[PDB]
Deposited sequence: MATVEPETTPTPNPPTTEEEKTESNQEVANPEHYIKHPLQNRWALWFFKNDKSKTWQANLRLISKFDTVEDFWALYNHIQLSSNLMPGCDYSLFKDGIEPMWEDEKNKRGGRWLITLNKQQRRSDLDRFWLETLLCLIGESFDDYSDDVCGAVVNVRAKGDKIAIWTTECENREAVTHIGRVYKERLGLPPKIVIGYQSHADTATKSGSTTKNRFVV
């Protein structure tokens, strides 16, 4: 097997795209691209689509676990919430892409160890006033799971203690940070 088999991923993941159009409805500007369950199939995907820095304003990329949709109305998201990374305008150039690729590697690599199942997916927002990257998790009351994910993520993105990042539930956002790391 060692010689000819693809390296398999624990989960199947689906990459989604959100387009800015504003005439059309949200449920129509959100559209699937492709699914994949191997390392090699992930690179074939990653290598031919555009970088986050080159997307027109208001557009999103999303990687979610197969069967969970990148909207908080979904069963696995509704009690959930998200670790949020806020990027200033200058960080588009320097940090946005390398943070996005690191996020994708955390997800597909299953890097949050015994709380891997709490992770649903991640969303990059390309915006004129400040880009954003969020890892979404399934239950906002799992203090232990939510905390560990945050710390893993900051560590992996390489942020210093100085920087503090917020976790907020989708309820609180529809309607402050429940947790900070």
Absent from the model, numbered along the deposited sequence, are 1-30, 206-211
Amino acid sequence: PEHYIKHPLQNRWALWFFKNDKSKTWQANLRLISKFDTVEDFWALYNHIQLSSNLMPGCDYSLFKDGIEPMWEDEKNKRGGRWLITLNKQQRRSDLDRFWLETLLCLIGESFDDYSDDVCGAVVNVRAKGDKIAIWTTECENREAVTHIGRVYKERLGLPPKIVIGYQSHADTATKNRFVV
From here on, numbers count along this sequence of modelled residues.
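If you superpose the two forms and keep the largest set of C-alpha atoms that fall within 1.5 Å, you have the rigid core.
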Stretch farther from shown form by Cα RMS in 7 other deposited structures of this protein, picked from 159-167 and 9-17 after core fit, is 159-167
Higher Cα RMS in 7 other deposited structures of this protein relative to the shown form (core alignment), 67-75 or 89-97, goes to 89-97
Avg C-alpha B-factor, entry values, 20-28 vs 153-161, higher side is 20-28
Quick note on 134-142 and 45-53: per-entry mean CA temperature factor is higher in 134-142
Scanning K76, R98, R82, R93 for peak Cα temperature factor in the entry gives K76
Assert third(CA B-factor, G67) within chain per record equals middle
The third of the chain into which the C-alpha temperature factor of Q168 falls is the middle
